[PDB]
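Engineer: Coordinates in work-v4.pdb, PDB, C-alpha atoms, are listed below.
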ATOM      1  CA  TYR A 266      80.934  74.976-176.261  1.00  0.00           C
ATOM      2  CA  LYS A 267      77.400  76.112-175.410  1.00  0.00           C
ATOM      3  CA  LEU A 268      76.534  78.790-172.841  1.00  0.00           C
ATOM      4  CA  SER A 269      74.508  77.346-169.964  1.00  0.00           C
ATOM      5  CA  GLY A 270      74.103  80.729-168.290  1.00  0.00           C
ATOM      6  CA  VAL A 271      75.590  83.952-166.970  1.00  0.00           C
ATOM      7  CA  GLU A 272      75.924  84.701-163.269  1.00  0.00           C
ATOM      8  CA  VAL A 273      76.642  88.285-162.255  1.00  0.00           C
ATOM      9  CA  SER A 274      78.024  89.218-158.849  1.00  0.00           C
ATOM     10  CA  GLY A 275      79.843  92.036-157.078  1.00  0.00           C
ATOM     11  CA  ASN A 276      79.028  95.661-156.342  1.00  0.00           C
ATOM     12  CA  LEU A 277      76.421  96.600-158.938  1.00  0.00           C
ATOM     13  CA  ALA A 278      75.491  99.915-157.310  1.00  0.00           C
ATOM     14  CA  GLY A 279      71.756  99.239-157.551  1.00  0.00           C
ATOM     15  CA  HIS A 280      71.779  98.348-161.246  1.00  0.00           C
ATOM     16  CA  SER A 281      71.432  94.567-161.019  1.00  0.00           C
ATOM     17  CA  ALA A 282      68.140  94.561-162.967  1.00  0.00           C
ATOM     18  CA  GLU A 283      69.564  96.404-165.988  1.00  0.00           C
ATOM     19  CA  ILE A 284      72.844  94.463-165.878  1.00  0.00           C
ATOM     20  CA  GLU A 285      70.970  91.155-165.799  1.00  0.00           C
ATOM     21  CA  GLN A 286      69.182  92.163-168.998  1.00  0.00           C
ATOM     22  CA  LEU A 287      72.461  93.193-170.665  1.00  0.00           C
ATOM     23  CA  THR A 288      73.811  89.688-170.048  1.00  0.00           C
ATOM     24  CA  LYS A 289      70.715  87.891-171.376  1.00  0.00           C
ATOM     25  CA  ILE A 290      71.570  84.848-173.485  1.00  0.00           C
ATOM     26  CA  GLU A 291      69.498  83.102-176.133  1.00  0.00           C
ATOM     27  CA  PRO A 292      68.424  79.447-176.007  1.00  0.00           C
ATOM     28  CA  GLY A 293      71.204  77.287-177.462  1.00  0.00           C
ATOM     29  CA  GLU A 294      73.686  80.156-177.684  1.00  0.00           C
ATOM     30  CA  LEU A 295      77.331  79.178-178.159  1.00  0.00           C
ATOM     31  CA  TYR A 296      80.199  80.528-176.079  1.00  0.00           C
ATOM     32  CA  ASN A 297      82.006  83.407-177.787  1.00  0.00           C
ATOM     33  CA  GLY A 298      84.810  85.470-176.275  1.00  0.00           C
ATOM     34  CA  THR A 299      84.118  88.597-178.289  1.00  0.00           C
ATOM     35  CA  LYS A 300      80.478  88.564-177.138  1.00  0.00           C
ATOM     36  CA  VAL A 301      81.774  88.442-173.554  1.00  0.00           C
ATOM     37  CA  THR A 302      83.991  91.489-174.166  1.00  0.00           C
ATOM     38  CA  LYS A 303      81.072  93.406-175.693  1.00  0.00           C
ATOM     39  CA  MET A 304      78.912  92.547-172.675  1.00  0.00           C
ATOM     40  CA  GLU A 305      81.613  93.820-170.293  1.00  0.00           C
ATOM     41  CA  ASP A 306      81.849  97.032-172.281  1.00  0.00           C
ATOM     42  CA  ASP A 307      78.032  97.418-172.194  1.00  0.00           C
ATOM     43  CA  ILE A 308      78.079  97.128-168.389  1.00  0.00           C
ATOM     44  CA  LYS A 309      80.894  99.685-168.030  1.00  0.00           C
ATOM     45  CA  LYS A 310      79.084 102.099-170.344  1.00  0.00           C
ATOM     46  CA  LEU A 311      75.880 101.764-168.320  1.00  0.00           C
ATOM     47  CA  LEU A 312      77.646 102.406-165.019  1.00  0.00           C
ATOM     48  CA  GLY A 313      79.305 105.483-166.526  1.00  0.00           C
ATOM     49  CA  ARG A 314      75.850 106.986-167.142  1.00  0.00           C
ATOM     50  CA  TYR A 315      75.451 107.039-163.361  1.00  0.00           C
ATOM     51  CA  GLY A 316      78.818 108.511-162.414  1.00  0.00           C
ATOM     52  CA  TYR A 317      80.868 105.343-161.952  1.00  0.00           C
ATOM     53  CA  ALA A 318      83.790 106.531-164.029  1.00  0.00           C
ATOM     54  CA  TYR A 319      86.187 103.682-163.296  1.00  0.00           C
ATOM     55  CA  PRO A 320      84.226 100.422-162.974  1.00  0.00           C
ATOM     56  CA  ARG A 321      85.931  97.041-163.128  1.00  0.00           C
ATOM     57  CA  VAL A 322      84.462  93.967-164.802  1.00  0.00           C
ATOM     58  CA  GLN A 323      86.079  90.554-164.966  1.00  0.00           C
ATOM     59  CA  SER A 324      84.622  87.458-166.569  1.00  0.00           C
ATOM     60  CA  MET A 325      85.548  83.882-165.822  1.00  0.00           C
ATOM     61  CA  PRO A 326      84.346  80.896-167.830  1.00  0.00           C
ATOM     62  CA  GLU A 327      83.498  77.719-165.916  1.00  0.00           C
ATOM     63  CA  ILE A 328      83.814  74.806-168.329  1.00  0.00           C
ATOM     64  CA  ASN A 329      81.617  71.719-168.006  1.00  0.00           C
ATOM     65  CA  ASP A 330      83.648  68.866-169.484  1.00  0.00           C
ATOM     66  CA  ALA A 331      80.810  66.338-169.584  1.00  0.00           C
ATOM     67  CA  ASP A 332      78.186  68.565-171.228  1.00  0.00           C
ATOM     68  CA  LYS A 333      80.534  70.729-173.295  1.00  0.00           C
ATOM     69  CA  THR A 334      78.867  73.801-171.784  1.00  0.00           C
ATOM     70  CA  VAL A 335      80.279  76.997-170.298  1.00  0.00           C
ATOM     71  CA  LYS A 336      78.851  78.988-167.408  1.00  0.00           C
ATOM     72  CA  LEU A 337      80.010  82.590-167.450  1.00  0.00           C
ATOM     73  CA  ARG A 338      80.825  84.169-164.086  1.00  0.00           C
ATOM     74  CA  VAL A 339      80.875  87.959-164.310  1.00  0.00           C
ATOM     75  CA  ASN A 340      82.284  89.981-161.423  1.00  0.00           C
ATOM     76  CA  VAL A 341      81.398  93.675-161.375  1.00  0.00           C
ATOM     77  CA  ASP A 342      82.833  96.379-159.137  1.00  0.00           C
ATOM     78  CA  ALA A 343      81.182  99.693-159.931  1.00  0.00           C
ATOM     79  CA  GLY A 344      83.780 101.474-157.799  1.00  0.00           C
ATOM     80  CA  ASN A 345      83.425 105.053-156.594  1.00  0.00           C
ATOM     81  CA  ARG A 346      80.755 107.472-157.789  1.00  0.00           C
ATOM     82  CA  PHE A 347      82.185 110.791-159.010  1.00  0.00           C
ATOM     83  CA  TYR A 348      80.819 114.289-159.439  1.00  0.00           C
ATOM     84  CA  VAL A 349      82.150 117.033-161.687  1.00  0.00           C
ATOM     85  CA  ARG A 350      84.310 119.845-160.307  1.00  0.00           C
ATOM     86  CA  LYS A 351      84.992 121.748-163.533  1.00  0.00           C
ATOM     87  CA  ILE A 352      84.413 121.431-167.228  1.00  0.00           C
ATOM     88  CA  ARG A 353      87.536 122.671-168.998  1.00  0.00           C
ATOM     89  CA  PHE A 354      88.163 123.455-172.671  1.00  0.00           C
ATOM     90  CA  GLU A 355      91.768 123.221-173.804  1.00  0.00           C
ATOM     91  CA  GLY A 356      92.920 124.286-177.261  1.00  0.00           C
ATOM     92  CA  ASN A 357      90.188 126.806-178.069  1.00  0.00           C
ATOM     93  CA  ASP A 358      92.341 129.746-179.251  1.00  0.00           C
ATOM     94  CA  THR A 359      89.796 131.507-181.468  1.00  0.00           C
ATOM     95  CA  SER A 360      86.486 130.156-180.223  1.00  0.00           C
ATOM     96  CA  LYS A 361      85.549 131.811-176.957  1.00  0.00           C
ATOM     97  CA  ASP A 362      84.750 129.739-173.902  1.00  0.00           C
ATOM     98  CA  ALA A 363      81.074 130.845-173.904  1.00  0.00           C
ATOM     99  CA  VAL A 364      80.482 129.340-177.352  1.00  0.00           C
ATOM    100  CA  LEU A 365      81.709 125.937-176.195  1.00  0.00           C
ATOM    101  CA  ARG A 366      80.101 126.104-172.764  1.00  0.00           C
ATOM    102  CA  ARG A 367      76.579 126.600-174.131  1.00  0.00           C
ATOM    103  CA  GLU A 368      76.908 123.184-175.829  1.00  0.00           C
ATOM    104  CA  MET A 369      77.370 121.348-172.517  1.00  0.00           C
ATOM    105  CA  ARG A 370      74.849 118.871-171.099  1.00  0.00           C
ATOM    106  CA  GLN A 371      76.921 117.930-168.039  1.00  0.00           C
ATOM    107  CA  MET A 372      76.434 120.353-165.132  1.00  0.00           C
ATOM    108  CA  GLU A 373      79.310 121.317-162.858  1.00  0.00           C
ATOM    109  CA  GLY A 374      78.695 120.124-159.299  1.00  0.00           C
ATOM    110  CA  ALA A 375      76.421 117.266-160.392  1.00  0.00           C
ATOM    111  CA  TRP A 376      77.129 113.556-160.594  1.00  0.00           C
ATOM    112  CA  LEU A 377      79.131 112.623-163.657  1.00  0.00           C
ATOM    113  CA  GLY A 378      77.047 111.316-166.547  1.00  0.00           C
ATOM    114  CA  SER A 379      79.326 109.904-169.210  1.00  0.00           C
ATOM    115  CA  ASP A 380      76.446 110.181-171.689  1.00  0.00           C
ATOM    116  CA  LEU A 381      76.163 113.914-170.928  1.00  0.00           C
ATOM    117  CA  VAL A 382      79.882 114.302-171.510  1.00  0.00           C
ATOM    118  CA  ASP A 383      79.574 112.404-174.823  1.00  0.00           C
ATOM    119  CA  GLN A 384      76.638 114.621-175.893  1.00  0.00           C
ATOM    120  CA  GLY A 385      78.776 117.691-175.310  1.00  0.00           C
ATOM    121  CA  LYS A 386      81.489 116.154-177.490  1.00  0.00           C
ATOM    122  CA  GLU A 387      79.040 115.391-180.300  1.00  0.00           C
ATOM    123  CA  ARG A 388      77.650 118.937-180.110  1.00  0.00           C
ATOM    124  CA  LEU A 389      81.119 120.488-180.300  1.00  0.00           C
ATOM    125  CA  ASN A 390      81.992 118.238-183.241  1.00  0.00           C
ATOM    126  CA  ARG A 391      78.807 119.212-185.073  1.00  0.00           C
ATOM    127  CA  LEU A 392      79.838 122.914-185.014  1.00  0.00           C
ATOM    128  CA  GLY A 393      82.701 122.349-187.450  1.00  0.00           C
ATOM    129  CA  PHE A 394      84.978 124.764-185.580  1.00  0.00           C
ATOM    130  CA  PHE A 395      87.433 122.049-184.530  1.00  0.00           C
ATOM    131  CA  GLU A 396      89.567 119.475-186.364  1.00  0.00           C
ATOM    132  CA  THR A 397      89.443 117.233-183.305  1.00  0.00           C
ATOM    133  CA  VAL A 398      87.469 117.073-180.060  1.00  0.00           C
ATOM    134  CA  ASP A 399      88.498 114.569-177.396  1.00  0.00           C
ATOM    135  CA  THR A 400      87.304 114.140-173.838  1.00  0.00           C
ATOM    136  CA  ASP A 401      89.306 113.215-170.774  1.00  0.00           C
ATOM    137  CA  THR A 402      87.535 112.588-167.508  1.00  0.00           C
ATOM    138  CA  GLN A 403      90.371 113.206-165.012  1.00  0.00           C
ATOM    139  CA  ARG A 404      90.663 112.588-161.275  1.00  0.00           C
ATOM    140  CA  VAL A 405      91.211 115.736-159.190  1.00  0.00           C
ATOM    141  CA  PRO A 406      94.349 115.799-157.006  1.00  0.00           C
ATOM    142  CA  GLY A 407      93.315 116.069-153.338  1.00  0.00           C
ATOM    143  CA  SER A 408      89.610 115.435-153.990  1.00  0.00           C
ATOM    144  CA  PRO A 409      88.736 111.661-154.051  1.00  0.00           C
ATOM    145  CA  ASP A 410      85.180 111.935-155.397  1.00  0.00           C
ATOM    146  CA  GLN A 411      85.687 114.682-157.985  1.00  0.00           C
ATOM    147  CA  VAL A 412      86.578 114.590-161.665  1.00  0.00           C
ATOM    148  CA  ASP A 413      87.262 117.368-164.124  1.00  0.00           C
ATOM    149  CA  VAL A 414      85.851 116.889-167.592  1.00  0.00           C
ATOM    150  CA  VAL A 415      88.388 118.160-170.099  1.00  0.00           C
ATOM    151  CA  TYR A 416      87.437 118.767-173.723  1.00  0.00           C
ATOM    152  CA  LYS A 417      90.639 118.919-175.737  1.00  0.00           C
ATOM    153  CA  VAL A 418      90.051 120.669-179.038  1.00  0.00           C
ATOM    154  CA  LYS A 419      92.266 121.539-181.992  1.00  0.00           C
ATOM    155  CA  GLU A 420      91.341 124.528-184.145  1.00  0.00           C
TER     156      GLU A 420
END
Rewrite the coordinates I just gave you, this time as structure tokens.

Structural biologist:
Amino acid sequence: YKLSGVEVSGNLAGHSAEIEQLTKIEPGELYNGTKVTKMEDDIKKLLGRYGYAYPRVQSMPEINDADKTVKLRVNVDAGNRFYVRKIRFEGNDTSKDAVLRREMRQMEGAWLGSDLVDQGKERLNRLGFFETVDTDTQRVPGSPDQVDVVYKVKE
């Protein structure tokens, strides 16, 4: 099966132009399910950079029996945009909060940027103080548009 095209629809939160480029297909490209999954993940990652922490993406192939071609229908729902209430470090028993906090690129009170959160993780990992560093972007009970960013570390 060949790909005839990719049609994106839904709530793209103003990022249609970038998303269209992420779903660009080459002339004569064949349908491949794992390429579809990668594309969906690329879209979710992009939306995360802008504070859409829980986007939904669903793809649906439309098969053309006569031409043996597939048209890919991609539905995107960016969902809610979240800002950060607190950045929390859990597991730092020896390393003082201030040492971890100066490595942060995400600001408290600002829109979530999943890339900023990831940069903080990489910076903490680079220090060599921790065996493991994981991040959890958690919803805040009672506050619909807030997340906490929790860095879970093991010393």

Engineer: List as a ChimeraX atom specification the protein and nucleic acid residues near residue 286 (chain A), meaning an atom at most 12 Å away when all atoms listed in the file are counted, but skip any in the same chain fewer than 6 places from it.

Structural biologist: /A:271-273,280,304,307-308,311

Engineer: Could you write out the selected residues, including C-alpha atoms, as a PDB file, in the frame of the given file?

Structural biologist:
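File produced: part.pdb:
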ATOM      1  CA  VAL A 271      75.590  83.952-166.970  1.00  0.00           C
ATOM      2  CA  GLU A 272      75.924  84.701-163.269  1.00  0.00           C
ATOM      3  CA  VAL A 273      76.642  88.285-162.255  1.00  0.00           C
ATOM      4  CA  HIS A 280      71.779  98.348-161.246  1.00  0.00           C
ATOM      5  CA  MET A 304      78.912  92.547-172.675  1.00  0.00           C
ATOM      6  CA  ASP A 307      78.032  97.418-172.194  1.00  0.00           C
ATOM      7  CA  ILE A 308      78.079  97.128-168.389  1.00  0.00           C
ATOM      8  CA  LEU A 311      75.880 101.764-168.320  1.00  0.00           C
TER       9      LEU A 311
END

Engineer: Set the distance at 7 Å and use only C-alpha atoms: which residues neighbour residue 324 (chain A) once local chain neighbours fewer than 4 positions away are removed? I'd like the list as a ChimeraX atom specification.

Structural biologist: /A:337-340

Engineer: Name the residues in contact with residue 357 (chain A) at a cut-off of 9 Å, using only C-alpha atoms, excluding same-chain residues fewer than 5 positions from it; report them as a VMD selection string.

Structural biologist: chain A and resid 362 365 395 417 to 420

Engineer: If you measure from CA of residue 383 (chain A) to CA of residue 290 (chain A), what distance in Å do you get, rounded to one decimal?

Structural biologist: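 Spanning CA of residue 383 (chain A) to CA of residue 290 (chain A) is a straight-line distance of 28.7 Å.
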
Engineer: Could you tell me which residues the PyMOL selection byres ((chain A and resi 334) around 9) returns for this structure, as a list in words?

Structural biologist: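 On the file shown, the PyMOL selection byres ((chain A and resi 334) around 9) covers residues 266, 267, 268, 269, 295, 296, 327, 328, 329, 330, 331, 332, 333, 335 and 336 of chain A.
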
Engineer: Could you list the residues chosen by the PyMOL selection byres ((chain A and resi 373) around 12) in this structure as a PyMOL selection string?

Structural biologist: chain A and resi 347-353+366+369-372+374-378+381-382+411-414
